[PDB]
Amino acid sequence: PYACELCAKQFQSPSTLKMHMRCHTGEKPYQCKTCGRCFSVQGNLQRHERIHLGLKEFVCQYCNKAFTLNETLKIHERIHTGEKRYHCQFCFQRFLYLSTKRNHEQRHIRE
DNA sequence: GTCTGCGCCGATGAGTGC
DNA sequence: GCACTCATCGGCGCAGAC
Ligand SMILES: [Zn+2]
Ligand SMILES: [Zn+2]
Ligand SMILES: [Zn+2]
Ligand SMILES: [Zn+2]
């Protein structure tokens, strides 16, 4: 219902449209109090601020290695679980990493 | 040159709750 | 209806192994 006048993407609420418009204005209201870097999204600032705390809180349940971000831990744990979420669209092969799947698909296309 | 592992982002989605 | 938090996932970059 809330459409963007500059790119035709559509949004559900005034708040999501206001946030999207920062993609076009470059507005970055949320500033890190340590290094001064600014962010368009408050949650991205909060994630960034974890870098300055030096607390690697997210610990791998298989090898105990610690990571600053939960998302970084989760990608790491795929090595242990065998999760291969990147599927070749042309054959049975499945891949841990998108880059590897992408290069494999390109080899199909070249043939 | 490719695969791997991982550190840090943008910008949208899901869930929650008013 | 609405905003807020945190997740999501591709992008980018880089170093090491081969
Ligand atoms: Zn737009
Ligand atoms: Zn900072
Ligand atoms: Zn691990
Ligand atoms: Zn394939």
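Side-chain atoms are counted along with the backbone in the values below, which use heavy atoms only and exclude waters and symmetry mates. Chain letters run A, B, ... following the sequence lines, proteins first and then strands; every chain starts at 1.
Within the structure, no pair that satisfies the side chain to side chain donor-acceptor pair (under 3.5 Å) test touches residues 32-43 of chain A, not counting sequence neighbours.
With sequence neighbours left out, the salt bridge (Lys or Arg N to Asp or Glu O under 4.0 Å) criterion links A:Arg102 to no other residue. Evaluation of the side-chain hydrogen bond (donor to acceptor under 3.5 Å, both in side chains) rule for A:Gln106 yields no partner, not counting sequence neighbours. Residues satisfying the side-chain hydrogen bond (donor to acceptor under 3.5 Å, both in side chains) test with A:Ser13, not counting sequence neighbours, are A:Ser15, A:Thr16. With sequence neighbours excluded, the residues satisfying side chain to side chain contact (heavy atoms under 4.5 Å, CB included) with A:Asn103 are A:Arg107.
Taking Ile, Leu, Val, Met, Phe, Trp and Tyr as hydrophobic and joining them when side-chain heavy atoms fall under 4.5 Å apart, one finds A:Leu17 in a cluster with A:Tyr2, A:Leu6, A:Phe11, A:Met21. Using a 4.5 Å cut-off between side-chain heavy atoms of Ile, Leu, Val, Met, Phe, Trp and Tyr, A:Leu73 falls into a hydrophobic cluster with A:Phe58, A:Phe67.
At a threshold of 4.5 Å between non-hydrogen side-chain atoms, the residues A:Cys4 and A:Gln10 do not count as touching. Side-chain contact between A:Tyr86 and A:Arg94 is absent, with no heavy atoms from C-beta onward closer than 4.5 Å. At a threshold of 4.5 Å between non-hydrogen side-chain atoms, the residues A:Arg50 and A:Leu55 do not count as touching.
Overall bending of the helix from B:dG1-C:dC18 to B:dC18-C:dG1, expressed as the angle between end axes built from five pairs apiece, is 10° (10° steps).
Of all nucleotides in DNA chain B, those with any atom nearer than 4.0 Å to a heavy atom of chain A start and finish, going 5' to 3', at B:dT2 to B:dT12.
When heavy atoms are screened at a 4.0 angstrom cut-off, A:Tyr97 is found touching base atoms of the nucleic acid. Across all strands, A:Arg107 comes closer than 4.0 Å only to sugar-phosphate atoms, never to a base (heavy-atom distances). Within 4.0 Å (heavy atoms only), A:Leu69 reaches no atom of the nucleic acid at all.
A negative value of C1'-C2'-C3'-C4' puts the sugar of B:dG1 in the south, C2'-endo-like family. The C1'-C2'-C3'-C4' torsion of B:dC9 is positive. Its sugar is therefore classed as north.
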Quick one: what's the B/S/- string for nucleotides 6-17 of chain C, heavy-atom cutoff under 4.0 Å, read 5' to 3'? S-BBSS------
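Taken residue by residue, residues 15-23 of chain A places heavy atoms nearer than 4.0 Å to DNA chain B at A:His20, A:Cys23. The stretch residues 57-68 of chain A touches DNA chain B through A:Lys65, A:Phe67, each having a heavy atom within less than 4.0 Å of the strand.
Between the A:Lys28 side chain and the A:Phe39 main chain, no donor and acceptor come within less than 3.5 Å of each other. Here the side chain of A:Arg85 pairs no donor or acceptor atom with the backbone of A:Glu83 at under 3.5 angstrom.
The only member of A:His104, A:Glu105, A:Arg110 that meets side chain to side chain donor-acceptor pair (under 3.5 Å) when paired with A:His108 is A:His104.
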From CA spacing to verdict: side-chain contact (heavy atoms from CB on, under 4.5 Å), A:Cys63, A:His76: CA-CA 10 Å; A:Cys63 76; A:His76 164 90; 3.5 Å; yes
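Across every non-hydrogen atom of A:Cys32 and A:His48, the tightest pair is SG-NE2, 3.5 Å.
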